Amino acid sequence: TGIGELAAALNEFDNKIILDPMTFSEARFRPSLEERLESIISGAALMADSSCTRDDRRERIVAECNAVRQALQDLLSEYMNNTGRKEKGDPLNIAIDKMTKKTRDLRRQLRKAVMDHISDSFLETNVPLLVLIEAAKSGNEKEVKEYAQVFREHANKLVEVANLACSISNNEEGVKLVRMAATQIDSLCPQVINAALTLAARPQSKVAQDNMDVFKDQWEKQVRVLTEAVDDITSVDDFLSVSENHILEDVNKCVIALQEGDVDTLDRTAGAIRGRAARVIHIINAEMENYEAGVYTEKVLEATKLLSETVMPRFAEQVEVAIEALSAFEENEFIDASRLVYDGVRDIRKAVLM
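Calculation notes
Residues numbered from 1 in each chain as written, not as in the entry; some residues may be left out. Heavy atoms only, no water. Residues with missing side-chain atoms left out of burial classes, pairs and counts. Helix = DSSP H or I, 4+ residues; strand = E, 2+ residues; numbered from the N terminus. Salt bridge = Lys/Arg side-chain N within 4 Å of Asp/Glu carboxyl O. Buried < 20%, exposed > 50% of the residue type's maximum accessible area, 1.4 Å probe, protein only. Contact = heavy atoms within 4.5 Å. Disulfide = S-S within 2.5 Å. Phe/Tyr/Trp six-rings, centres within 6.5 Å; stacked < 30°, edge-to-face > 60°. Expected span 1.5 Å × (residues − 1). Polar contact = N/O pair within 3.5 Å; in protein donor to acceptor, adjacent residues only side chain to side chain. Core = buried A, V, L, I, M, F, W, Y, C linked by side-chain atoms within 4.5 Å. Domains from an automatic or database assignment. Buried area = accessible area lost by both parts, 1.4 Å probe.

Method information in the entry identifies X-ray crystallography as the source of the structure, with 2.45 Å recorded as the resolution.

*Asks:* For the overall build of the protein chain, give the residues involved together with the corresponding values.
*Replies:* Scanning the protein chain for helices and strands turns up twelve helices and zero strands. Tracing the protein chain from N to C terminus, the helices and strands come up as α-α-α-α-α-α-α-α-α-α-α-α.

*Asks:* Tell me about the pattern of salt bridges, residues and numbers included.
*Replies:* Within the structure shown, the criterion is met by 20 salt bridges. The partner of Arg54 in a salt bridge is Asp120, with the nearest N and O atoms 2.8 Å apart. One end of the pair, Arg54, is in the loop between α2 (26-49) and α3 (55-80); the other, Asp120, is in helix α4 (residues 90-121), and 66 residues separate them in sequence. Between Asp55 and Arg58 there is a salt bridge, with the nearest N and O atoms lying 2.6 Å from each other. Residue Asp55 and its partner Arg58 are located together in helix α3, separated by three residues, close to a single helical turn. Residue classification places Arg58 among the partly exposed residues on the basis of a relative accessible area of 30%. A cluster of three or more residues bridged by salt bridges with shared partners is formed by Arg54, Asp120, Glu249, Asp250 and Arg276.

*Asks:* I'd like a rundown of unusual backbone geometry, residues and numbers included.
*Replies:* The backbone of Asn82 shows a phi angle near 65°, a positive value even though the residue is not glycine. Note that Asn82 resides in the loop between α3 and α4. Residue class for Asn82 comes out buried when judged on its relative accessible area of 9%. Phi is positive for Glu124, which is not a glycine, with a value near 45°.

*Asks:* Explain the side chain of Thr227 to me, using residue names and the numbers behind them.
*Replies:* Note on placement: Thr227 falls in helix α8 (residues 206-232). Overall, the relative accessible area of 11% leaves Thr227 in the buried class. Beyond its immediate chain neighbours, meaning those up to four positions away, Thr227 contacts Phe122 and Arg279.

*Asks:* Describe the state of the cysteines, naming the residues involved and giving the relevant values.
*Replies:* All chains considered together, the criterion is met by zero disulfides. Free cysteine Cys189: the closest other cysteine sulfur is in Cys52, separated by 18 Å. We classify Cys189 as buried; its relative accessible area is 4%. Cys254 carries a free sulfur, and the closest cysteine sulfur to it, the one in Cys52, is 18 Å from it.

*Asks:* Please set out the packing of aromatic side chains residue by residue, giving values where relevant.
*Replies:* For the coordinates displayed, the defined rule picks out five aromatic pairs. Seen from their ring centres, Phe151 and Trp219 are 4.8 Å apart, and the 45° between their planes marks the pair as tilted. Here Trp219 lies in helix α8 and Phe151 lies in helix α6 (residues 141-167), a separation of 68 residues in the sequence. Assigned by exposure class, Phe151 and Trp219 land together as buried. Relative to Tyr296, the ring of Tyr291 has its centre 5.0 Å away and its plane inclined at 50°; by these criteria the two rings are tilted. Among the aromatic residues, those joined into a ring-pair cluster are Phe24, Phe29 and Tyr79.

*Asks:* Describe helix α10 (residues 263-288), naming the residues involved and giving the relevant values.
*Replies:* Compared with the 38 Å implied by 1.5 Å per residue over 26 residues, the 37 Å span of α10 between its first and last C-alpha is a close match. At the N-terminal end of α10, a side-chain oxygen is found 3.4 Å from the backbone nitrogen of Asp264, two or three residues along, and the residue is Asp262.

*Asks:* Give a detailed account of the nonpolar core, specifying residues and quantitative values.
*Replies:* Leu106, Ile118, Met212, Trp219, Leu226 and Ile284 are the most contacted members of the largest nonpolar core, which totals 106 residues. The greatest single-element share of this core, amounting to 13 residues, is contributed by helix α7 (residues 172-201). Counting contributing residues, this core receives three or more from each of domain 1 (1-234) and domain 2 (235-354). For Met212, the contacting residues outside a window of four places in its chain are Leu129, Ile133, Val192, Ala195, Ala196 and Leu199.

*Asks:* Any chance you could break down the domain arrangement of the protein chain for me, citing the residues and the numbers?
*Replies:* The assigned domain composition of the protein chain is domain 1 (1-234) and domain 2 (235-354). Taken together, the contact pairs 16 residues of domain 1 with 17 residues of domain 2. Across the interface of domain 1 and domain 2, roughly 1400 Å² is buried in total on both sides, 51% from carbon and sulfur atoms. Viewed at the interface, domain 2 and domain 1 are joined by four salt bridges. With a shortest N-O distance of 2.6 Å, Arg54 and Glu249 are connected by a salt bridge. There are eleven residue pairs in polar contact connecting domain 1 and domain 2. Of all the secondary-structure elements, those providing two or more residues to the side of domain 1 that touches domain 2 are α4 and α8.

*Asks:* Lay out the side chain of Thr53 with the relevant residues and their values.
*Replies:* If you trace the backbone, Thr53 turns up in the loop between α2 and α3. Residue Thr53 is classed as buried on the basis of its relative accessible area of 6%. Here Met47 takes part through its backbone oxygen, which lies 2.8 Å from a polar atom of the side chain of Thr53. The contacts of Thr53, once residues within four sequence positions are left out, are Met47, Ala48, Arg58, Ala113, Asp116 and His117.

Here it is, written out as structure tokens:
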């Protein structure tokens, strides 16, 4: 029950700005209208200051917050004229359209800022567990304690992002489906920690081991449920555009790493590029299930398979060449392959948006 709090606030605000021109007074409406909008702006600002929001995006959100605020001022001015007449006159009408457009624009950047998080956060979603299990398999209860904390933080970050996606969603069932999933991640987290702790206490115990395995398997499952639910309330539009932005950022980083002969950074960053690619194909395959087979799904799936079958492996191989040469030359091959990954993602997006 309920949609996202921020979504609902924005939706109400769009309704509440529509007033009988005749019975209007600033004294009566200004305070609540102003308050609603500022409350929206606090939410948008939190979002904008949040860890994964890119700089450009924080800037655009900030610019949209100043623009709605000034749009309401403009609207209220126009209501103040136009007072004591029956019909909304022209300056008031266009002012209402303006208020509503800017509120749409704000929504868009918020959706985009939420993708920044989704893009980053739902990569290599397993690593922390794997690390925490390796430590447990070693005995060191000091070390298992700290990696357990790292696992908790990652657990919460996932739930944090789920929540962010909820609060801008207008899909009541979708939102419900993610909150449940996030709940399961909450109860499941400490239990996974226990199994790890009990295991590290007695690393030779076959029970402790089987028990870790049962929690490993459950957790990985439930993360996939949370991932999918979040995917399900996220527009593939925003997913594509943000994945394109991030891939281009990652490419720049690789290029730098290459300039610096830096294999660690190159390897970690090219990994993200592959993850992000895998995640578009994931989300887009899933989206195509909402369409009957035909011309539209055909073009999309041919573009998804080409990226999958040909272009990615050709990118991974090229990375290996570089890492081999730097570990022991022409960068053209790495540039060309990165461009083809990006471009492959553009073709998917073109086909989806047909």
